[PDB]
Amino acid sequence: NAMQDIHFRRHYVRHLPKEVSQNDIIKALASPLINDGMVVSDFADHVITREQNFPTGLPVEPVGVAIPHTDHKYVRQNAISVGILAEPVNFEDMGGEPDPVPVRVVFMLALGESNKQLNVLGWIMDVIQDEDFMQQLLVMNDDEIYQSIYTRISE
């Protein structure tokens, strides 16, 4: 279990309100990591710059996903911060496609070593193809999303 070193806590999950922008989302998801000392104080802005340059939208159906992240030099402890959006928010296609991705679930990845990327991406790729799992994230409360994702990670 390579992800045994990834931190995922109850407060690393939250539903975001409508009318929030891409930047608000990134700052909101980064907040808990920043407070726990998992990342550098200005992590959210490095993620924003990264996202604008190299978008992380994944056009999966029916729930659009995004995996914003930044350089590992800004991460001192591996962690994942999850956001469930009240309404879809547009993220540019990681693949370069013209149509933006209507994102509803955001998986912010804070990885301190690049050797962790393949594994974590493989994990994401897997959960976003799990139609049922993804749909449930849009219905469950924070504790439920937390329990399910946590389990998914460690089990």
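Sequential numbering from 1, following the sequence displayed.
K.L.:
Which is higher on average in the deposited entry, the C-alpha temperature factors of 143-151 or of 18-26?
P.N.:
Mean C-alpha B-factor is greater for 143-151.
K.L.:
Taking only the CA atoms, which stretch has the higher mean B-factor in the record, 58-66 or 40-48?
P.N.:
Looking at the recorded C-alpha B-factors, 58-66 comes out higher on average.
K.L.:
Taking the entry's C-alpha B-factors for this chain, is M108 in the lowest, middle or highest third?
P.N.:
Lowest third of the chain for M108's C-alpha B-factor.
K.L.:
What third of the chain, by the recorded C-alpha B-factor, contains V89?
P.N.:
Middle third - that is where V89 ends up once the chain's C-alpha B-factors are sorted.
K.L.:
Test of reading the entry: by CA B factor among the chain's modelled residues, which third contains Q77?
P.N.:
As the PDB entry reports it, the C-alpha B-factor of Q77 lands in the highest third of its chain.
K.L.:
In terms of the CA temperature factor given in the entry, to which third of its chain does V101 belong: lowest, middle or highest?
P.N.:
As the PDB entry reports it, the C-alpha B-factor of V101 lands in the middle third of its chain.
K.L.:
Would you check the entry's CA temperature factor for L33 and let me know if it's in the chain's lowest, middle or highest third?
P.N.:
As the PDB entry reports it, the C-alpha B-factor of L33 lands in the lowest third of its chain.
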